[PDB]
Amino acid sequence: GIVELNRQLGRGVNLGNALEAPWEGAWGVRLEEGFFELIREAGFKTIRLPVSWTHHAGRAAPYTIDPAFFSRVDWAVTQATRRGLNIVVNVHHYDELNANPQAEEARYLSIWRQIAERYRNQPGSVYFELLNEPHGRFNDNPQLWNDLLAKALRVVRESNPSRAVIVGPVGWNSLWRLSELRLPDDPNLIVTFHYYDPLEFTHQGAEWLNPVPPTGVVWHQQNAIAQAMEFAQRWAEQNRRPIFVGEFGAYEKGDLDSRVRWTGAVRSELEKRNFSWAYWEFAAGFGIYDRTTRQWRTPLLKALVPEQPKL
C-alpha cells in the first residue's frame, strides 16, 4: 500500500543543479553513473530527480519531448533502479505553467502523458511527482492547482493505474497551504512539502531570489520546526495521506555549524513525524559531496545519517 511505498522512500537526496536547469550542466552538475553508488553507500535509499521538461519539449502540439533528452532521463531512471535506489521523477521548473496555468495546460498534460506512457512498466521504486513548488497564478488561486493536478493525475492513471504519485500544495510547496490543497479520491497519493524556514538563513546570499537575503545569519533551534512538522502531521492524519518532504537544506553561504544544527534539527523532526524526505542537494551549493576533492562534507552528512539515533 501507499503508506509502505512512502516509508520505502525513507532517506533520500536530490540530484540538483542538473536536469532542472535549462540543460544538463548549465547550473554546474552533470550527472555521472558513479553518483548512484556513492549515494547508496552513504545510507540513502532514494534519488529525487528534478527535471525541467519545458526546455526540451516542442512549443506546438503535440509538444514532443526531445528524444536525446528523454534518453538521458531513461538512463537516470534505469541506473538508479538497477542499483537498488528509488527514484522520484518530477516536473520541476516550469515558469510558463506557473505564470499562465490555463494557457500552458495542454503542453503540461502532453508532457505528463509522454512521461507516464514511457515509464508505465517501471517497478514501484519509480515514483511520479506532478509539479515542483506551484507558485505564480497558483498562489493567487490555489484552486487552479487543485483543478490542474486532478487533470494531470487522470492522464497518469490512464497508463499507470497504481503508481505512487507525489502531490504538494501551492506557496512553493508550503505546508501552510496544505489547508487549501484538495485531492481526488485516489489511494496511491503521497503528499509532499518543502522546508526551508527561515529563508533568511537557508537562502542567505542566494542570488536567484529577489530580494537577495543578506549573509552573516546564524541559526539555532527554538520551536518553529516542531510547530511546523506537527501542523503538517495533523493535516496528514486528518486527510489519511503519507508525507514525503522532498526538499530541505541550507545554502553554503551560511556558516557551517549553523547549517549542521539546522539540517540535523530538521531531519530529526521529520523522522519523529514519520515523514520520508529528500535533502537539497547532492553536490552543488547545498551539497553534501564535493566533486572537486571527491570528499563528503562529513558534518552535514552525519547530520543526515547519524551514527547513533540521538545524534
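A residue's number is simply how far along the shown sequence it sits, counting from 1.
Chemist: Averaging CA B factors per stretch from the PDB record, which one is higher: 223-231 or 207-215?
Modeler: Comparing 223-231 with 207-215, the higher average CA B-factor belongs to 207-215.
Chemist: Which is higher on mean Cα B factor in this entry, 29-37 or 254-262?
Modeler: Higher of the two, by average CA B-factor, is 29-37.
Chemist: Going by the entry, which of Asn132, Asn98, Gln143, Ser71 has the most elevated CA B factor?
Modeler: Among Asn132, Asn98, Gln143, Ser71, the PDB entry lists the largest C-alpha B-factor for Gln143.
Chemist: Which third, lowest, middle or highest, does the C-alpha temperature factor of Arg241 belong to within its own chain?
Modeler: It falls in the middle third of the chain.
Chemist: Taking the entry's C-alpha B-factors for this chain, is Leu49 in the lowest, middle or highest third?
Modeler: It falls in the bottom third of the chain.
Chemist: Tell me, lowest, middle or highest third: where does the Cα B factor of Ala284 rank within its chain?
Modeler: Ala284: CA B-factor falls in the middle third of its chain.
Chemist: Sorting the chain's CA B-factors, does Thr293 end up in the lowest, middle or highest third?
Modeler: Highest third of the chain for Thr293's C-alpha B-factor.
Chemist: Lowest, middle or highest third of the chain for the C-alpha temperature factor of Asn139?
Modeler: Answer is highest: the recorded C-alpha B-factor places it there.
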